[PDB]
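Some notes on the structure that comes next.
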Amino acid sequence: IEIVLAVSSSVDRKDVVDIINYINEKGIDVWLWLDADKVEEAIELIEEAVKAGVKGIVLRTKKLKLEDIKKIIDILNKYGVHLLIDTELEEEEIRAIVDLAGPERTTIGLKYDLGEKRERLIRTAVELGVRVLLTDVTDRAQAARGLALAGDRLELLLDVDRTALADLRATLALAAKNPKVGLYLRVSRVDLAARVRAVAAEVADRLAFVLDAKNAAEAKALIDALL
């Protein structure tokens with residue numbers, strides 16, 4: 001399996017390092033999903049995460065525009081940072097970022113709870129070959145619709161603690177049937193996180209788990225639940 005640490009740029013850089021160290025001590029790939037809330041501290045985290053042995057880094061661009069990313073593109077490239085655009089910008093801005101970084105280092109990210117604005121971004125991303133990530137997914141109907149609109153560019157962020165058993169099994173089956181689809185399992189509850197492992201081993205299954213690094217202690221025990 002792989003563990004993704006989703007943090008803001010302002011997380012105490014110490015705690016992320018121990019979590020990265022703890023995960024690497026178990027011989028497991030660890031990724032960093034970093035919110036670019038402040039650029040200077042984001043770069044400091046990127047350097048710290050790289051030195052701690054992170055497998056890779058995804059930068060959630062947040063409110064950063066094209067000009068902001070331009071000033072740090074050399075730093076992003078030298079550290080191999082993947083860009084996740086928050087879809088608060090217009091198609092002109094998203095196309096500019098995709099053209100700047102390349103379609104294969106860029107992902108369109110949006111909560112499924114959007115309406116027609118959700119569908120507008122998927123079509124543009126599909127044309128550009130950019131992967132599109134649907135977050136806050138809880139029902140199989142949402143996953144099936146995302147597969148219909150996005151095809152093999154689809155990525156799903158599944159809210160495990162808010163997903164019923166039937167939807168969890170169906171979404172896992174959909175991912176197994178469509179292996180090019182990226183499936184990410186956001187987990188906080190220890191019992192439910194262990195539950196996915198048992199269900200996934202019967203229905204599917206690599207597994208990517210998305211964790212918060214708010215407190216180191218619960219994150220360790222959460223990592224141990226996923227083994």
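Identifiers in the structure tokens: chain A, B, ... in order shown; residue index from 1 per chain; ligand index from 1 in order shown.
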
(message) I want to know what sits within 8 Å of region 206-212 of chain A, based on only C-alpha atoms, with residues of the same chain fewer than 2 positions away left out; could you give that as a ChimeraX atom specification?
(response) /A:1-7,183-188,214-215,219

Writing out the chosen residues with N, CA and C atoms as a JSON list (two decimals), in the first residue's frame:
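Produced file out.json, reproduced below:
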```json
[["chain", "number", "residue", "atom", "x", "y", "z"],
["A", 1, "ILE", "N", 0.83, -1.20, 0.00],
["A", 1, "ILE", "CA", 0.00, 0.00, 0.00],
["A", 1, "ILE", "C", 0.87, 1.25, 0.00],
["A", 2, "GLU", "N", 0.24, 2.40, -0.23],
["A", 2, "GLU", "CA", 0.89, 3.70, -0.13],
["A", 2, "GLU", "C", 0.08, 4.61, 0.78],
["A", 3, "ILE", "N", 0.78, 5.46, 1.53],
["A", 3, "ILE", "CA", 0.15, 6.40, 2.44],
["A", 3, "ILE", "C", 0.41, 7.81, 1.93],
["A", 4, "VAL", "N", -0.65, 8.60, 1.84],
["A", 4, "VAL", "CA", -0.58, 10.01, 1.45],
["A", 4, "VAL", "C", -0.87, 10.86, 2.69],
["A", 5, "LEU", "N", 0.03, 11.80, 2.98],
["A", 5, "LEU", "CA", -0.16, 12.75, 4.08],
["A", 5, "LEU", "C", -0.68, 14.06, 3.50],
["A", 6, "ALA", "N", -1.92, 14.40, 3.83],
["A", 6, "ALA", "CA", -2.55, 15.63, 3.38],
["A", 6, "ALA", "C", -2.39, 16.67, 4.49],
["A", 7, "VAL", "N", -1.62, 17.72, 4.21],
["A", 7, "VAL", "CA", -1.32, 18.75, 5.19],
["A", 7, "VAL", "C", -1.43, 20.13, 4.54],
["A", 183, "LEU", "N", -7.70, 5.42, -7.12],
["A", 183, "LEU", "CA", -8.58, 5.36, -5.96],
["A", 183, "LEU", "C", -7.79, 5.75, -4.72],
["A", 184, "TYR", "N", -8.25, 6.79, -4.03],
["A", 184, "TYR", "CA", -7.64, 7.23, -2.78],
["A", 184, "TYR", "C", -8.67, 7.13, -1.66],
["A", 185, "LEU", "N", -8.27, 6.56, -0.54],
["A", 185, "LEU", "CA", -9.16, 6.29, 0.58],
["A", 185, "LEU", "C", -8.78, 7.21, 1.74],
["A", 186, "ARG", "N", -9.56, 8.26, 1.94],
["A", 186, "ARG", "CA", -9.33, 9.16, 3.07],
["A", 186, "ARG", "C", -9.88, 8.50, 4.33],
["A", 187, "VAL", "N", -9.02, 8.31, 5.32],
["A", 187, "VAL", "CA", -9.34, 7.55, 6.52],
["A", 187, "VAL", "C", -8.99, 8.37, 7.75],
["A", 188, "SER", "N", -9.86, 8.34, 8.75],
["A", 188, "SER", "CA", -9.56, 8.85, 10.09],
["A", 188, "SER", "C", -9.89, 7.84, 11.18],
["A", 214, "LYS", "N", -2.37, 15.92, 11.58],
["A", 214, "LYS", "CA", -2.65, 16.92, 12.62],
["A", 214, "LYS", "C", -1.97, 16.54, 13.93],
["A", 215, "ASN", "N", -2.12, 15.29, 14.36],
["A", 215, "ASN", "CA", -1.43, 14.79, 15.53],
["A", 215, "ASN", "C", -0.62, 13.57, 15.13],
["A", 219, "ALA", "N", -1.89, 9.38, 14.06],
["A", 219, "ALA", "CA", -1.45, 9.00, 12.73],
["A", 219, "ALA", "C", -0.63, 7.71, 12.76]]
```

(request) Please identify all polymer residues within 12 Å of residue 181 (chain A), counting only C-alpha atoms, omitting same-chain residues fewer than 4 positions from it, and present them as a list in words. (result) residues 131, 132, 133, 134, 143, 144, 146, 147, 148, 150, 151, 152, 153, 154, 155, 156, 157, 171, 172, 173, 174, 175, 176, 177, 206, 207 and 208 of chain A

(request) Kindly indicate which residue among A:203, A:76, A:101, A:81 lies nearest to residue 54 (chain A), using only C-alpha atoms for the distances. (result) A:81

(message) Among region 119-211 of chain A, which ones does DSSP assign to strand (DSSP E or B) (computed from the backbone)? Answer as a PyMOL selection string.
(response) chain A and resi 131-137+154-159+182-186+208-211

(message) Neighbouring residues of residue 61 (chain A) were defined as those with any atom within 9 Å, considering only C-alpha atoms; residues of the same chain fewer than 5 positions away were excluded. Please report them as a VMD selection string.
(response) chain A and resid 34 to 37 69 83 to 86

(message) With distances taken over only C-alpha atoms, which residue among A:15, A:104, A:202, A:48 lies nearest residue 130 (chain A)?
(response)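 Under the stated criterion, the closest residue is A:104.
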
(message) Please identify the helix (DSSP H, G or I) residues within region 176-216 of chain A (assignment by DSSP from backbone atoms) and present them as a PyMOL selection string.
(response) chain A and resi 176-177+190-203+216

(message) Could you check the closest approach to residue 112 (chain A) for each of A:137, A:11, A:196, A:52 and tell me which residue wins, using only C-alpha atoms?
(response)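 Smallest distance to residue 112 (chain A) is found for A:137.
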
(request) Extract, using only C-alpha atoms, all DNA, RNA and protein residues at most 12 Å from residue 124 (chain A), discarding same-chain residues fewer than 6 positions from it, and format them as a PyMOL selection string. (result) chain A and resi 87+90-92+94-95+98+103+107-108+117-118+130-132+149-150+153

Please dump the current selection as a short mmCIF file (atom, residue, chain, number, x, y, z; two decimals), in the first residue's frame; keep N, CA, C and O atoms.
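Dumped everything to part_1.cif:
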```cif
data_model
loop_
_atom_site.label_atom_id
_atom_site.label_comp_id
_atom_site.auth_asym_id
_atom_site.auth_seq_id
_atom_site.Cartn_x
_atom_site.Cartn_y
_atom_site.Cartn_z
N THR A 87 -9.47 24.27 -8.89
CA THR A 87 -10.64 24.56 -9.72
C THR A 87 -11.45 25.75 -9.20
O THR A 87 -12.67 25.82 -9.39
N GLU A 90 -10.39 30.00 -13.71
CA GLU A 90 -11.06 29.83 -14.98
C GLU A 90 -10.23 28.98 -15.94
O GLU A 90 -9.03 28.78 -15.74
N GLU A 91 -10.89 28.49 -16.99
CA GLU A 91 -10.25 27.57 -17.93
C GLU A 91 -9.01 28.19 -18.58
O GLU A 91 -8.09 27.47 -18.96
N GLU A 92 -8.99 29.52 -18.71
CA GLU A 92 -7.79 30.18 -19.21
C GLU A 92 -6.61 29.97 -18.27
O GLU A 92 -5.48 29.73 -18.71
N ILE A 94 -6.30 27.51 -15.86
CA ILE A 94 -5.95 26.09 -15.76
C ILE A 94 -5.14 25.65 -16.97
O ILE A 94 -4.15 24.92 -16.85
N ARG A 95 -5.55 26.09 -18.17
CA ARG A 95 -4.79 25.75 -19.37
C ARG A 95 -3.38 26.32 -19.31
O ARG A 95 -2.43 25.67 -19.77
N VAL A 98 -1.38 24.05 -16.98
CA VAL A 98 -1.14 22.76 -17.63
C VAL A 98 -0.09 22.90 -18.72
O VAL A 98 0.80 22.05 -18.85
N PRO A 103 0.84 18.08 -19.11
CA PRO A 103 -0.40 17.40 -18.69
C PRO A 103 -0.16 16.27 -17.69
O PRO A 103 -1.05 15.99 -16.88
N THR A 107 -3.05 17.76 -12.21
CA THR A 107 -4.31 17.09 -11.93
C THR A 107 -5.35 18.14 -11.59
O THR A 107 -5.08 19.06 -10.81
N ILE A 108 -6.54 18.00 -12.17
CA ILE A 108 -7.67 18.88 -11.88
C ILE A 108 -8.40 18.31 -10.66
O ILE A 108 -8.78 17.13 -10.65
N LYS A 117 -20.85 23.03 -12.89
CA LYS A 117 -19.45 23.45 -12.86
C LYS A 117 -18.52 22.25 -12.72
O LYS A 117 -17.38 22.30 -13.18
N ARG A 118 -18.99 21.17 -12.09
CA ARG A 118 -18.21 19.94 -12.06
C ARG A 118 -18.04 19.37 -13.46
O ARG A 118 -16.94 18.95 -13.84
N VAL A 130 -5.45 15.74 -18.88
CA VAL A 130 -5.13 15.94 -17.47
C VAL A 130 -6.02 15.04 -16.62
O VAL A 130 -7.23 14.94 -16.86
N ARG A 131 -5.43 14.38 -15.64
CA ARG A 131 -6.21 13.60 -14.69
C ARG A 131 -7.10 14.53 -13.87
O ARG A 131 -6.72 15.66 -13.54
N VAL A 132 -8.31 14.06 -13.56
CA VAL A 132 -9.28 14.84 -12.80
C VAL A 132 -9.64 14.06 -11.54
O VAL A 132 -10.04 12.89 -11.62
N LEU A 149 -17.93 10.40 -17.20
CA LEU A 149 -17.51 11.68 -17.74
C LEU A 149 -16.00 11.74 -17.97
O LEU A 149 -15.55 12.38 -18.92
N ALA A 150 -15.22 11.10 -17.10
CA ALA A 150 -13.77 11.25 -17.12
C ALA A 150 -13.03 10.05 -17.68
O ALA A 150 -11.85 10.19 -18.03
N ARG A 153 -9.04 9.08 -17.10
CA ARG A 153 -8.46 10.22 -16.39
C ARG A 153 -9.00 10.36 -14.98
O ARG A 153 -8.52 11.21 -14.22
#
```

Who sits within 9 Å of residue 9 (chain A), only C-alpha atoms, same chain under 3 positions skipped, as a tab-separated table (two decimals) with C-alpha atoms, in the first residue's frame:
```tsv
chain	number	residue	atom	x	y	z
A	12	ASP	CA	4.65	21.89	12.13
A	13	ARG	CA	7.40	20.57	9.88
A	34	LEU	CA	0.67	19.99	0.43
A	35	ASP	CA	-1.73	22.95	0.49
A	36	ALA	CA	0.03	26.04	-0.88
A	37	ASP	CA	-1.44	28.35	1.74
A	38	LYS	CA	1.83	30.29	1.99
A	39	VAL	CA	4.46	29.83	-0.71
A	40	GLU	CA	7.62	30.33	1.37
A	41	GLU	CA	6.64	27.76	4.01
A	42	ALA	CA	5.45	25.41	1.26
A	43	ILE	CA	8.95	25.37	-0.24
A	44	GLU	CA	10.46	24.74	3.21
A	45	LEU	CA	8.15	21.74	3.68
```

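Here CA of residue 223 (chain A) and CA of residue 113 (chain A) stand 28.7 Å from one another.
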
(message) Which residues are near residue 67 (chain A)? Cut-off 12 Å, only C-alpha atoms, ignore same chain within fewer than 3 positions. Put them as a PyMOL selection string.
(response) chain A and resi 61+63-64+70-73+93+96-97+100

For the selection you just gave me, I'd like the residues written to a file as a JSON list (two decimals), in the first residue's frame, keeping N, CA and C atoms.
```json
[["chain", "number", "residue", "atom", "x", "y", "z"],
["A", 61, "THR", "N", -2.56, 23.85, -5.42],
["A", 61, "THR", "CA", -2.19, 25.23, -5.75],
["A", 61, "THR", "C", -3.01, 26.25, -4.95],
["A", 63, "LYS", "N", -4.94, 29.21, -3.84],
["A", 63, "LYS", "CA", -5.17, 30.52, -4.43],
["A", 63, "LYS", "C", -4.00, 31.01, -5.28],
["A", 64, "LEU", "N", -2.98, 30.18, -5.47],
["A", 64, "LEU", "CA", -1.85, 30.58, -6.30],
["A", 64, "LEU", "C", -2.26, 30.68, -7.76],
["A", 70, "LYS", "N", 4.86, 30.61, -11.60],
["A", 70, "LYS", "CA", 6.00, 30.91, -12.47],
["A", 70, "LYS", "C", 7.25, 31.19, -11.66],
["A", 71, "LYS", "N", 7.12, 31.94, -10.56],
["A", 71, "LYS", "CA", 8.27, 32.32, -9.76],
["A", 71, "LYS", "C", 8.94, 31.14, -9.08],
["A", 72, "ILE", "N", 8.26, 30.00, -8.97],
["A", 72, "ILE", "CA", 8.79, 28.85, -8.26],
["A", 72, "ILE", "C", 8.82, 27.59, -9.13],
["A", 73, "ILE", "N", 8.63, 27.74, -10.44],
["A", 73, "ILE", "CA", 8.53, 26.56, -11.30],
["A", 73, "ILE", "C", 9.85, 25.79, -11.31],
["A", 93, "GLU", "N", -6.85, 30.05, -16.96],
["A", 93, "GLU", "CA", -5.77, 29.89, -15.99],
["A", 93, "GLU", "C", -5.34, 28.44, -15.85],
["A", 96, "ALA", "N", -3.23, 27.52, -18.76],
["A", 96, "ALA", "CA", -1.90, 28.11, -18.63],
["A", 96, "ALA", "C", -1.00, 27.28, -17.73],
["A", 97, "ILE", "N", -1.53, 26.83, -16.59],
["A", 97, "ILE", "CA", -0.74, 26.01, -15.68],
["A", 97, "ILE", "C", -0.40, 24.67, -16.32],
["A", 100, "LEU", "N", 2.26, 25.05, -18.69],
["A", 100, "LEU", "CA", 3.53, 25.36, -18.05],
["A", 100, "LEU", "C", 4.20, 24.11, -17.49]]
```

Using only C-alpha atoms, which residues sit within 12 Å of residue 192 (chain A) once same-chain residues fewer than 6 positions away are excluded, as an mmCIF file with C-alpha atoms, in the first residue's frame?
```cif
data_model
loop_
_atom_site.group_PDB
_atom_site.id
_atom_site.type_symbol
_atom_site.label_atom_id
_atom_site.label_comp_id
_atom_site.auth_asym_id
_atom_site.auth_seq_id
_atom_site.Cartn_x
_atom_site.Cartn_y
_atom_site.Cartn_z
ATOM 1 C CA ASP A 159 -14.530 9.542 2.221
ATOM 2 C CA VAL A 160 -14.300 6.212 4.028
ATOM 3 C CA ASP A 161 -15.830 7.313 7.326
ATOM 4 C CA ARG A 162 -18.912 8.642 5.480
ATOM 5 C CA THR A 163 -19.297 5.715 3.033
ATOM 6 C CA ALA A 164 -21.806 2.926 3.615
ATOM 7 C CA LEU A 165 -20.800 -0.705 3.150
ATOM 8 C CA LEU A 168 -17.642 1.039 -0.387
ATOM 9 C CA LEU A 185 -9.162 6.290 0.584
ATOM 10 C CA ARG A 186 -9.335 9.163 3.069
ATOM 11 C CA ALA A 198 -10.512 -6.506 4.724
ATOM 12 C CA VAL A 199 -13.069 -5.488 2.085
ATOM 13 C CA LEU A 222 -3.800 4.848 12.008
ATOM 14 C CA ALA A 225 -4.243 -0.206 11.410
ATOM 15 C CA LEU A 226 -3.472 -0.308 7.682
#
```
